[PDB]
Amino acid sequence: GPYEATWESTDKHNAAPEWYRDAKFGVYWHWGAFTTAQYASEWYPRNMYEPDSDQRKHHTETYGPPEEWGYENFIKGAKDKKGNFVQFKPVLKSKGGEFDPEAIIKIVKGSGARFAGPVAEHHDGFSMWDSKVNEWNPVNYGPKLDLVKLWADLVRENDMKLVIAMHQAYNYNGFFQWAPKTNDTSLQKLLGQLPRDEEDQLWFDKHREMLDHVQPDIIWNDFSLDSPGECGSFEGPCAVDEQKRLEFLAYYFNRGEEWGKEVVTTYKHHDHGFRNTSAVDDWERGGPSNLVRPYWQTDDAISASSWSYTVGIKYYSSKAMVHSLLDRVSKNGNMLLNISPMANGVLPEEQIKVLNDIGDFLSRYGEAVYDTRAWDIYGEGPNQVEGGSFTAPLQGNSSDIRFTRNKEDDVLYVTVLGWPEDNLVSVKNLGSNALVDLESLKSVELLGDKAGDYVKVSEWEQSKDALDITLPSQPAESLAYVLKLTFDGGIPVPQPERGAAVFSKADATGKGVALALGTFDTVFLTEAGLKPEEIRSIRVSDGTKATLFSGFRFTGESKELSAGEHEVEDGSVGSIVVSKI
Ligand SMILES: *[C@@H]1O[C@H](CO)[C@@H](O[C@@H]2O[C@H](CO)[C@@H](O[C@@H]3O[C@H](CO[C@H]4O[C@H](CO)[C@@H](O)[C@H](O)[C@@H]4O)[C@@H](O)[C@H](O[C@H]4O[C@H](CO)[C@@H](O)[C@H](O)[C@@H]4O[C@H]4O[C@H](CO)[C@@H](O)[C@H](O)[C@@H]4O[C@H]4O[C@H](CO)[C@@H](O)[C@H](O)[C@@H]4O)[C@@H]3O)[C@H](O)[C@H]2NC(C)=O)[C@H](O)[C@H]1NC(C)=O
Ligand SMILES: *[C@@H]1O[C@H](CO)[C@@H](O[C@@H]2O[C@H](CO)[C@@H](O[C@@H]3O[C@H](CO)[C@@H](O)[C@H](O[C@H]4O[C@H](CO)[C@@H](O)[C@H](O)[C@@H]4O[C@H]4O[C@H](CO)[C@@H](O)[C@H](O)[C@@H]4O[C@H]4O[C@H](CO)[C@@H](O)[C@H](O)[C@@H]4O)[C@@H]3O)[C@H](O)[C@H]2NC(C)=O)[C@H](O)[C@H]1NC(C)=O
Ligand SMILES: *[C@@H]1O[C@H](CO)[C@@H](O)[C@H](O)[C@H]1NC(C)=O
Ligand SMILES: *[C@@H]1O[C@H](CO)[C@@H](O)[C@H](O)[C@H]1NC(C)=O
Ligand code: NA
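Numbering (the authors' numbering), first residue to last: 5 to 585.
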């Protein structure tokens, strides 16, 4: 194929194709031999060995000292301290068991997911397809099933794109640091104890074999691709050999071409292992606090605990999952939601309810979500994501709105995260302070009880503070409500309270992009719809300054502009920093 194992060659791959930007919502599942103990988290295989840990205590009391009853026993099977046989060994419903993958995929489809799939290999060294390069797999041991193939075939049968999650870098970069050393070369492969060159080759060989086996539309990667300092006390680079990363990218992108498919690979945002030229950044739980470009995604989980099922696990609400999805989508990302089947393969009813409720929202209000794109301002209101460390998912109310818009850029969806008791929705960024002319606002409609229903909104006034919209009779109850605002000739460009707006014509008219406080490089401005060479004017808000750079990313000649309107020379700007005075 055309791709070579170099950064320059693989940079040319289109990171986020249109189908992926259209998709918005997907589902995957942390289910595997790491679930067998149903204790603590999916990191149980690592922590069962940790000195003085609660997981080691539990393991020692339940199974045996981890030096005698090692993690491999969950895969190969062994009796616990009370004499019960323990093994990851799901039994198909068609064979009289409880594992019903077909039912689970129907539930996932019903949730409105447009991409779905398994964790194919976590950190624990267990490849869940029929693997020749890794004997530690569920065809050789346990259920005698190619779980990844089973899932993939069902995902395709149900008209969803296939995502496969792979976490096999941390396996040999410290996950198993507390496991006993072994001279058994098979056990070394499970526990990441092979020579590092062999481990680096195996990282690639696992990817290669898996992706040829099931032809994934998305390959999702966890950390330790190149994330120095992130592997705790283990002495090592917290990384995969650079050559092997490049060989993976070229191999996958070449197979995509061969298959006639636009494929995607993701990596953790903070990780340096891939580049945002050809791979999609995957943000930490909660996502970014702001609207980020280029297109990105984030993972989340129903569980209020672990990513893998544990006894006593608690869950978040349907409302929080839906409001979180809206928030991510408004900020120019997708949300990949993790679910957590029990070790026997059963999906708990609380999780099914959440998925049903998300699907009930998306089947009704999908117009405001699927196939849309971010506006230049993601939303308004008091309830926000802080970013950084996660605590609990976003839950908004009638005070909060999130924006999305259509591809034609003449329809703005205003989604309010609760029913206003005062029957009023006030959109600040469409008020007069926002310097917005509403002459072109042709209609305002409330989306109704079923998709394709619209209830006309008759009364609205534009104040200084906001477009003040009076709502009609409340439709059937839902977790959020959607207003559809149709303009002729395009949505107006708002002036942020503190911020700026750039324009393609010299007098603050034409195509434009609103900017918050922050840093906006050539990629940002281009994706937002105005290549910076085409900027010919800028309006800087009161209390704000803008610094223009000739360079792509805040280098080169610079110029500072205070509050007001300014003309810009064609081709003079590459990037912009917008700051509070
Ligand atoms: C996708 O991946 C790519 C590749 O990894 C990512 O690209 C990286 O992006 C980084 C963030 O933009 C960028 O880093 C910036 O580089 C600037 C240029 O650096 C080079 O030139 C300077 C000058 O010769 C050298 O000193 C420097 O060593 C480099 O060689 C730096 O100037 C940037 O530093 C400033 O910003 C950071 C915040 O990011 C601050 O911590 C830092 O203190 C600097 O602060 C000033 O400028 C910023 C404007 O960015 C202001 O916000 C801030 O208030 C500071 O203001 C003072 O100075 C400015 C003049 O600079 C002045 O006008 C102002 O009034 C203040 O006095 C920063 O380090 C990487 O270079 C870039 N890497 C590559 C390979 O391209 C990309 O982000 C990824 N995309 C996404 C979406 O994640
Ligand atoms: C005090 O403050 C100062 C100033 O802030 C600190 O200095 C900074 O220190 C950084 C860390 O050393 C330094 O970054 C390094 O810069 C070099 C030169 O550009 C760069 O090569 C380094 O990148 C490698 O190493 C990091 C791990 O730190 C990896 O994440 C990265 O992938 C690179 O790994 C490659 O090189 C390694 C050898 O260095 C190999 O071991 C590794 O396998 C890998 O090799 C492959 O890739 C190569 C291409 O990347 C390829 O050629 C090769 O063949 C292989 O394929 C790292 O970024 C900053 O430059 C430095 N800043 C300044 C201004 O000096 C200092 O740390 C502070 N002190 C303390 C105590 O904190
Ligand atoms: C593993 O092999 C090495 C190399 O021969 C040897 O030094 C070590 O003692 C062996 N481990 C055990 C537990 O015997
Ligand atoms: C919505 O949330 C905000 C922020 O917590 C709060 O100020 C407001 O009173 C809430 N509205 C209702 C109706 O509870
Ligand atoms: Na690209």
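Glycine is no exception: its CB is placed at the ideal position from the N, C-alpha and C atoms.
Inter-residue CB distance, residue i and residue j (contact presumed, cutoff 8 Å)
{"i": "residue 369", "j": "residue 406", "result": "Contact doesn't hold; Cβ gap of about 12 Å is too wide."}
{"i": "residue 255", "j": "residue 267", "result": "Incorrect: roughly 11 Å between the Cβ atoms, too far for contact."}
{"i": "residue 361", "j": "residue 322", "result": "4 Å"}
{"i": "residue 461", "j": "residue 475", "result": "7 Å"}
{"i": "residue 152", "j": "residue 124", "result": "5 Å"}
{"i": "residue 252", "j": "residue 208", "result": "5 Å"}
{"i": "residue 138", "j": "residue 193", "result": "7 Å"}
{"i": "residue 9", "j": "residue 250", "result": "4 Å"}
{"i": "residue 320", "j": "residue 354", "result": "Actually they do not touch by this definition, with Cβ atoms about 10 Å apart."}
{"i": "residue 183", "j": "residue 74", "result": "7 Å"}
{"i": "residue 418", "j": "residue 429", "result": "7 Å"}
{"i": "residue 371", "j": "residue 451", "result": "7 Å"}
Buried/exposed call for residue i, threshold 16 Cβ in 10 Å
{"i": "residue 232", "result": "exposed"}
{"i": "residue 127", "result": "buried"}
{"i": "residue 585", "result": "exposed"}
{"i": "residue 172", "result": "buried"}
{"i": "residue 274", "result": "exposed"}
{"i": "residue 226", "result": "buried"}
{"i": "residue 315", "result": "exposed"}
{"i": "residue 324", "result": "buried"}
{"i": "residue 556", "result": "exposed"}
{"i": "residue 65", "result": "exposed"}
{"i": "residue 196", "result": "buried"}
{"i": "residue 305", "result": "buried"}
{"i": "residue 136", "result": "exposed"}
{"i": "residue 493", "result": "exposed"}
{"i": "residue 513", "result": "exposed"}
{"i": "residue 177", "result": "buried"}
{"i": "residue 199", "result": "exposed"}
{"i": "residue 396", "result": "exposed"}
{"i": "residue 376", "result": "buried"}
{"i": "residue 99", "result": "exposed"}
{"i": "residue 240", "result": "exposed"}
{"i": "residue 175", "result": "buried"}
Chain-order list of residues whose beta-carbon lies under 7 Å from that of residue i (same chain, five-residue window excluded)
{"i": "residue 158", "result": "105, 106 and 109"}
{"i": "residue 32", "result": "120, 121, 122, 123, 167, 169, 340 and 342"}
{"i": "residue 79", "result": "37, 92, 130, 140, 145 and 146"}
Beta-carbon contacts of residue i that lie in its chain and below 6 Å, excluding the five residues immediately before and after
{"i": "residue 416", "result": "409, 489 and 495"}
{"i": "residue 260", "result": "267"}
{"i": "residue 384", "result": "405 and 432"}
{"i": "residue 39", "result": "312, 313 and 347"}
{"i": "residue 422", "result": "401 and 402"}
{"i": "residue 217", "result": "133"}
{"i": "residue 554", "result": "560, 561 and 578"}
Cβ-based neighbour list, residue i, same chain, cut-off 8 Å, excluding 5 preceding and 5 following
{"i": "residue 60", "result": "51, 52, 53, 54 and 70"}
{"i": "residue 367", "result": "116 and 455"}
{"i": "residue 522", "result": "294, 581 and 582"}
{"i": "residue 258", "result": "5, 6 and 7"}
{"i": "residue 373", "result": "28, 29, 329, 330, 333, 366 and 408"}
Cβ-heavy atom distance, residue i to ligand 6, below 8 Å
{"i": "residue 328", "result": "With respect to ligand 6, the structure offers nothing, as its ligand set consists of ligand 1, ligand 2, ligand 3, ligand 4 and ligand 5."}
Going along the chain, which unbroken runs of the alpha helix (DSSP H) with 4 or more residues stay wholly within the stretch 344 to 389?
353 to 369
With three or more C-beta pairs closer than 8 Å as the rule, is the stretch 561 to 573 touching the stretch 514 to 527?
no
Taking contact to mean at least 3 C-beta pairs separated by less than 8 Å, is the stretch 522 to 539 in contact with the stretch 566 to 577?
yes
Are the stretch 216 to 227 and the stretch 155 to 168 touching by the rule of at least three beta carbon pairs closer than 8 Å?
yes
The stretch 14 to 21 in contact with the stretch 290 to 310 per 3-pair CB rule at 8 Å
yes
Please specify which runs of the alpha helix (DSSP H), each continuous and at least 4 residues long, are wholly inside the stretch 168 to 241, giving them in chain order.
189 to 195 and 200 to 218
Would you check if there are 3 or more beta carbon pairs closer than 8 Å linking the stretch 128 to 140 to the stretch 37 to 52?
yes
Mind the definition here: the stretch 279 to 292 touches the stretch 384 to 393 only if three or more C-beta pairs lie below 8 Å; say whether that holds.
yes
Can you check the stretch 479 to 513 for any alpha helix (DSSP H) of at least 4 residues that lies completely inside it and give the ranges in chain order?
none
At what residue ranges does the stretch 255 to 313 contain a whole run of the alpha helix (DSSP H), taking only runs of 4 or more?
none
Every unbroken beta strand (DSSP E) inside the stretch 398 to 450 [3 residues or more]
405 to 409, 415 to 420 and 428 to 431
Which residue spans inside the stretch 455 to 481 form an unbroken beta strand (DSSP E) run of at least 3?
458 to 460, 464 to 466 and 471 to 474
Could you pull out every unbroken alpha helix (DSSP H) segment of at least 4 residues lying fully inside the stretch 55 to 113, listed in chain order?
58 to 66 and 76 to 80
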